[PDB]
Structures are given as C-alpha cells and as structure tokens.
Amino acid sequence: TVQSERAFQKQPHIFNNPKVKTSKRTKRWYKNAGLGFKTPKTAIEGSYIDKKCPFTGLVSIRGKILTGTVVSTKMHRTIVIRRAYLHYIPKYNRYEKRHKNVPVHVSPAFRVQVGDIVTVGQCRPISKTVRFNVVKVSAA
Amino acid sequence: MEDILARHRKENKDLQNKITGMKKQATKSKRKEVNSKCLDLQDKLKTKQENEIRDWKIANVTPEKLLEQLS
Amino acid sequence: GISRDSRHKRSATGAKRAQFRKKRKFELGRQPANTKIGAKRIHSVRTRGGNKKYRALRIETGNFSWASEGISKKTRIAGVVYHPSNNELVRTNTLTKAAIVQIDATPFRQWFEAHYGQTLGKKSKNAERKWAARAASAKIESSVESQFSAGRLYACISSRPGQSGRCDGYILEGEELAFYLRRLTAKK
Amino acid sequence: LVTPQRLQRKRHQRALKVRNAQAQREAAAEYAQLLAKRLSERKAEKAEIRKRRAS
RNA sequence: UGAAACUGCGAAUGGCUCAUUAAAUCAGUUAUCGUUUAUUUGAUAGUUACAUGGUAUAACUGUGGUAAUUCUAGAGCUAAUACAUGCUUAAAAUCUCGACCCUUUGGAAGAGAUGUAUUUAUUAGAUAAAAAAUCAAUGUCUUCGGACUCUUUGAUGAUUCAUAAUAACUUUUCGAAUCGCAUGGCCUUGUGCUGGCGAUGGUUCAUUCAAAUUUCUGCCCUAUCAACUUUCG
Ligand SMILES: [Mg+2]
Ligand SMILES: [Mg+2]
C-alpha cells in the first residue's frame with residue numbers, strides 16, 4: 001500500500017529515466033547513519049517512502065543517543081519508549097526510582113514490538129513532542 | 001465582418017503605439033519585463049482577433065481514454 | 001500577528017500553559033497569499049535580516065521542466081485541475097507547491113519539431129545530419145502525445161509561489177501521471 | 001566637475017581591477033602547475049607500487 | 001574655522017523593578033547535516049555623453065495662520081556617499097546553429113551564447129584483490145588480410161555536504177559617476193598617457209559580537225484535586 005495515501009510518495013530529487021529501460025523501475029537512495037550503525041537490508045530493497053526515516057529520508061542523526069524499552073506502538077509510524085532511572089536524594093543517602101516517557105519516530109524498516117529494547121538517537125524536531133529517531137532494534 | 005476587421009485594425013494601431021511607448025519609456029533594468037508584457041499583449045490581441053473572427057464566422061483527450069490506452 | 005509560538009498550545013500532557021510573554025517579532029507569521037491566475041502582480045515582502053521575499057499574488061507564466069529530455073521552457077499556465085492540500089483551492093484556481101495545472105503544449109512541441117523532427121498526433125544539411133544522429137530517443141510513452149493531441153500537458157509545480165514569487169515545476173511522467181490520472185478519473 | 005584628480009582615481013580603479021585579475025590568474029596557473037606535478041609524482045608512486053607488486 | 005540643515009550612524013546598550021510564571025524561567029550539559037547575523041577581521045568581482053548623465057527638496061529669503069504642541073501651509077532658490085539613471089576591459093577555451101564541399105572515415109568559413117545573484121529540473125560529487133570475449137567511437141599506422149602506441153579530485157561518523165556543469169528562468173540583485181593627502185615619471189610636446197599613501201561604499205564565503213529554537217537531569221505546599229486531554233489541535 002505504497003500509493004494508498006493522498007499525494008504521491010517519492011524520495012525527493014530522484015529521477016527514473018523512461019528513455020533508458022532499466023531492470024528496476026525505482027532507483028532508491030540510502031545513506032548510513034554513522035556511529036557504526038548497520039543499515040538494515042529492508043531499507044535498501046524496500047519500497048516505502050518516509051522523510052523522517054534516517055536511512056531513506058532527509059533526517060540526520062546527531063547529538064545524544066539513548067536506550068529504552070517501548071511501551072506504546074499504537075500510533076502511525078511513531079512509538080513511545082520508557083527510560084527508568086535512579087535519582088539520588090542526598091539527605092537520605094539513597095536513590096528514588098523515576099521514569100520519563102519520550103515519543104520517538106520509527107521507520108518501517110524496523111519491526112518493533114512492545115517489550116523490546118530499542119536504541120534512539122537525537123534528530124531535528126520532527127513534531128511537537130517527538131525529537132528522536134530509532135536506529136537500532138534488539139529483540140526481547 | 002468589415003466592421004470587426006476595422007475594429008481589429010484600430011485596436012492593432014492603438015496597441016502598436018502603446019507597445020512602442022512602453023518600449024521607449026523602459027530602462028535597462030525593466031526592458032525584459034516590458035518585452036514580456038508587450039509579447040503577452042500581442043498574443044492576447046491576436047487571440048482576441050481570432051476569437052472575434054471565429055464568432056463572426058459562427059454567427060454569420062480525457063484521462064479515461066488515456067487510462068484505457070495505457071492499460 | 002500570527003504567532004507560531006509553542007508555549008500557547010497545551011503541553012504533552014494536556015495541561016493549560018499560562019501566558020509567559022508578549023508575542024515577538026522574531027516569531028511572527030504572515031497572512032497567506034492565495035495565488036490566482038491573472039496578470040503579473042508580485043509584492044515585495046521584507047523579512048528578518050537584510051533579506052527580501054517575493055509574494056506572488058497574481059501570476060500566469062512559468063519555467064517548466066521536462067524530465068526526460070532535460071529542457072525547461074517558459075510556458076503559460078492554463079488552469080488548476082487538482083490539488084493535494086484542499087479541494088477548494090481547485091475551485092479558486094490556486095497555484096501553490098504541488099498544485100497541479102494544465103500547461104499548454106505549444107513551445108515544447110515547437111522545440112521538439114526542431115530537435116526530433118517527427119510530427120505528433122495524426123532541409124538544411126547539418127540539421128538532418130543531426131536528426132540522423134539521434135534515432136533511439138524519439139519514443140515517449142503514449143499519454144504524452146495523447147496530451148499533445150489536445151495541446152495541454154499536466155504539470156506539477158515544485159516552486160513555492162509565496163516565497164520565491166515564481167511558479168516553476170515539472171511535467172508529469174507515466175508513473176506520476178498514471179497514478180494521478182487514475183485518481184483524476186476516480187474524481188471525475 | 002571633471003578635475004584631473006577624478007581621472008586619476010578612475011585610472012587607479014581600472015588599473016587595480018586589471019592587476020588583481022592578472023595576480024589571481026598567475027596564482028591559478030602556479031597552483032595548476034603544483035597540482036599537475038603532484039599528480040605526476042602520485043602516478044610515479046603508483047608506478048613504483050605496481051613494479052614492487054609485480055616483482 | 002564653522003551655527004543651521006541634508007545624508008551616514010546610534011537611539012534595540014546602559015539604568016530600574018520583580019507584577020506574571022511551578023518542566024515555565026533557570027542551572028549544568030548538548031545540538032544547528034534546522035536557521036538569520038548591522039559591525040570588526042581576512043579573502044573575494046577584465047565578461048554589464050564616460051574628460052563623468054538627470055531630478056527633487058531641506059537649511060536660507062519672503063508671505064501666513066491659532067489661546068495653545070519639538071504645529072506647520074503657500075511661494076521663491078540651490079547641493080550629495082539623497083534619489084533615479086547610465087557606458088567601459090585583455091587573451092584564450094567550450095557549446096548551440098551553421099553558407100558550401102562528397103559522398104567518405106565526413107569538415108567547415110561565418111553567426112550567437114558562456115561574470116555574479118534568484119528559482120526549478122537533471123548530472124557529477126567515486127575509492128575492498130586480479131582477469132578475459134564482442135560492437136561502436138576515437139589517437140592511430142596498413143604487407144587493406146590486421147590489431148593497440150598513453151588518461152582521472154576534497155571534507156564529515158553521517159548527508160540531496162562543499163562545489164562544478166547543462167536547460168532555462170527573473171517588475172535583472174551586484175559588478176565605485178565618492179572624498180583627503182603629496183603630486184611623480186614618458187615622449188610622436190597633446191595642457192596626451194602612466195603613477196602612491198588610505199577613508200567610505202559593495203556581491204559572496206569565512207570569522208566575530210550575538211540571536212533564535214533545541215537534547216538529557218533537576219524544582220516549595222496540597223488528594224478536603226484521581227483521572228486529565230480532543231466541536232475551538
Ligand atoms: Mg574642516
Ligand atoms: Mg570587511
């Protein structure tokens with residue numbers, strides 16, 4: 001269901017030449033994210049279009065990198081992860097448990113299910129509250 | 001017929017003087033814009049004269065076929 | 001005026017944020033220029049910085065590109081047929097980015113007869129030397145000469161008129177064109 | 001008023017744009033010479049790499 | 001020398017107060033491959049009547065108005081780094097056409113275009129160890145059967161980056177009609193051609209002063225506040 005939606009879905013500034021009869025009808029552009037992150041094979045042979053995918057779209061990865069555990073996958077192309085941590089109250093000389101929910105973007109190159117641990121990287125501000133992007137999935 | 005041709009000739013005689021005055025009044029900056037406006041005015045006058053001649057003669061494709069041909 | 005501030009909304013938890021400051025000049029927003037078909041009328045808009053931004057109110061012409069042959073020709077725009085953001089901008093015949101117009105096929109054809117030499121639809125020596133030099137490139141998919149039969153091409157618009165003041169785009173190709181004409185026939 | 005001084009200033013502007021043009025052109029020519037001899041030395045190093053791998 | 005006035009610049013700093021504000025400000029820590037940046041500092045532009053175009057006005061003179069304002073009307077002047085026009089430059093290269101030549105394996109007089117900025121489309125922007133077969137194009141020689149005797153750059157962890165080229169595009173952006181000092185050299189003796197020190201102005205890149213959003217973690221009391229947000233995001 002690639003052209004199911006209302007405008008056409010293409011990578012920007014790519015060209016498929018009709019005059020030259022090629023084997024594949026869609027030339028696809030991809031980049032590696034850096035930091036020793038392997039590009040998944042489904043990004044390269046895939047047919048999806050996403051601007052906010054870090055392997056097919058116009059989004060770089062830079063800044064903090066974080067790890068979490070996903071709780072919500074219930075909405076379109078964005079999932080919500082959860083980082084539990086310990087906060088240290090100095091008067092009582094002992095820690096407090098705390099957690100923060102950050103909603104991260106996910107490309108359709110990842111099959112992320114609730115309970116798995118992901119690895120997120122900072123990107124440009126994608127939406128009102130989304131500022132992150134999933135670059136690695138670990139099965140659990 | 002002849003009156004419409006005389007009106008088109010008078011419109012062309014006014015438009016030639018208007019285009020010549022616009023070309024003479026232009027500077028080096030706005031000469032290309034004045035030339036584009038004069039060419040658009042000449043094309044619109046020719047289209048209006050052709051439509052007037054077609055109306056004087058009269059008074060006195062689809063994308064589904066493209067889809068069928070493509071499929 | 002139009003404040004594009006992010007503190008006047010709610011938070012991520014739905015709480016009502018209080019007001020914090022008066023609206024700022026580094027965060028303003030302008031009223032949109034719903035750009036029509038008409039004679040050339042472009043207003044200058046001064047920006048933040050020492051820069052300047054065109055605002056195309058009424059415009060008619062454009063430098064539209066052909067993807068396959070790599071040419072771009074100054075060509076009049078007839079009217080808007082289809083638009084992805086709203087269906088009501090079609091009703092007002094509005095040029096924006098990706099608003100699709102019908103563009104008349106006269107100067108592309110007049111180049112094409114000078115560069116490929118076969119008429120569509122239905123003598124100087126070096127020129128036929130050149131048309132003997134180009135043989136295999138004369139084939140275009142059937143929808144394009146079907147549009148040449150009426151002399152009206154469909155072209156998308158890639159240049160934003162409200163910033164650049166121009167209206168420049170590209171002619172639809174068989175994949176792009178095929179999907180857009182099937183949903184055009186789904187609308188019609 | 002046309003004075004000799006404004007003619008001298010116009011002459012100086014013309015002369016300065018001229019000599020700036022030849023100075024940057026000869027700088028470009030010397031750098032083209034440097035890049036050509038650097039690529040020649042690089043091809044010589046490629047040649048000695050190929051004969052040490054051939055032997 | 002210099003009152004007034006035009007023009008350029010500053011007045012967006014400083015000074016004061018703490019009313020609003022409880023993930024708001026802020027503190028430490030990131031990011032801008034997500035942006036604008038007067039000034040400073042360094043580079044940056046032979047491609048577009050020239051012994052140097054034009055027009056308004058202030059200041060000033062004169063006439064006025066009202067109780068009253070840092071109020072100003074009418075008339076008469078004149079300047080610019082105000083405003084608005086407007087030429088100039090060297091060679092070389094490459095592409096679009098191309099009068100004629102003859103039938104090959106084709107090659108050409110000549111014409112036009114190619115500074116910078118805006119906008120779109122396309123292309124280049126590569127880098128793991130070696131090889132062979134075919135068809136074209138060429139630089140080629142024929143023992144007209146034949147085959148080779150010579151081409152390939154940056155950065156980042158990351159990019160559609162830097163940048164270049166092509167097709168055009170554009171109420172055509174910029175490419176000095178400015179000013180102060182000493183006034184010098186070269187003769188076909190024209191009052192001809194050259195000629196320094198440095199103030200201002202200017203396109204773009206970089207820097208700097210910054211600005212703007214922005215990442216992680218942190219806030220006093222309250223359940224006699226347990227569910228809140230979505231017609232109006
Ligand atoms: Mg003095
Ligand atoms: Mg400077």
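Residues numbered from 1 in each chain as written, not as in the entry; some residues may be left out. Chains lettered and ligands numbered in written order. Part of a larger assembly, values for the part shown. Heavy atoms only, no water. Residues with missing side-chain atoms left out of burial classes, pairs and counts.

In terms of determination method and resolution, the entry is listed under cryo-EM at 3.8 Å.

Caption draft 1: Spatial organisation of the arrangement of the chains. The chain pair with the greatest number of contacts, out of two pairs of chains in contact, is formed by chains A and C. Separated in space, chain A and chain B share no contact, their closest pair of C-alpha atoms being 15 Å apart. (Contact = heavy atoms within 4.5 Å.)

Caption draft 2: Examining the interface of chain B and chain C more closely. Contact residues are listed per partner, giving eight residues for chain B and seven residues for chain C. Among the secondary structure elements, those contributing two or more residues to the side of chain B that touches chain C are α2 (31-59) and α3 (63-70) of chain B. In terms of residue count, α3 of chain B provides more of the side of chain B that touches chain C than any other element does, five residues in total. Grouping the constituent residues of the side of chain B that touches chain C by class yields five nonpolar, one polar and two charged. (Helix = DSSP H or I, 4+ residues; strand = E, 2+ residues; numbered from the N terminus. Nonpolar A, V, L, I, M, F, W, Y, C, P; charged D, E, K, R; others polar.)

Caption draft 3: View of the interface of chain C and chain A. Every contact between the two is made by 22 residues of chain C and, on the other side, 13 residues of chain A. When residues in the side of chain C that touches chain A are grouped by element, the largest group, seven residues, is from helix α6 (residues 174-187) of chain C. Taken together, the residues that form the side of chain C that touches chain A break down as eight nonpolar, four polar and 10 charged.

Caption draft 4: Region of the structure containing the pairing of strand β2 (residues 41-46) of chain C. All names here are of chain C. Relative to strand β3 (residues 52-59), β2 is paired through six bridges, and the arrangement is antiparallel. By the bridge assignment, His 43 is partnered in β3 with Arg 55. In textbook terms, the turn of a hairpin is the stretch between consecutive antiparallel strands, and for β2 and β3 this stretch comprises five residues, one of which, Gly 49, has a positive phi near 95 degrees. (Pairing = 2+ DSSP bridges.)

Caption draft 5: Representation of unusual backbone geometry within the structure. Phi is positive for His 13 of chain A, close to 60 degrees, though the residue is something other than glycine. If you trace the backbone, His 13 of chain A turns up in the segment before α1 (41-44). Despite not being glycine, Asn 93 of chain C has its phi angle at roughly 60 degrees, a positive value. As for its position among the elements, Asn 93 of chain C is in the loop between α1 (88-91) and β6 (100-104).

Caption draft 6: How the structure looks around the sheet that holds β2 of chain C. Residue and element names in this part refer to chain C. Taken together, three strands build an open sheet; the order of strands is β1-β3-β2 and the sheet is mixed. Two strands close off the open sheet at either side, each with one partner strand: β1 (36-37) and β2. As judged from the two bridges shared by β1 and β3, these two strands associate in the parallel manner. Bridging from a neighbouring strand, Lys 36 pairs with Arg 58 of β3.

Caption draft 7: Just the packing of aromatic side chains, in detail. Arranged with centres 4.6 Å apart and planes meeting at 5 degrees, the rings of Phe 112 of chain C and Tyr 116 of chain C form a pair that is stacked. An aromatic cluster of at least three residues, connected via ring pairs, comprises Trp 66, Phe 108, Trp 111, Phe 112, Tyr 116 and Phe 148 of chain C. Geometry around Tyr 48 of chain A places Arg 28 of chain A over its ring, the cationic atom sitting 4.7 Å from the centre. (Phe/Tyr/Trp six-rings, centres within 6.5 Å; stacked < 30°, edge-to-face > 60°. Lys NZ or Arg CZ within 6 Å of the ring centre and 35° of its normal.)

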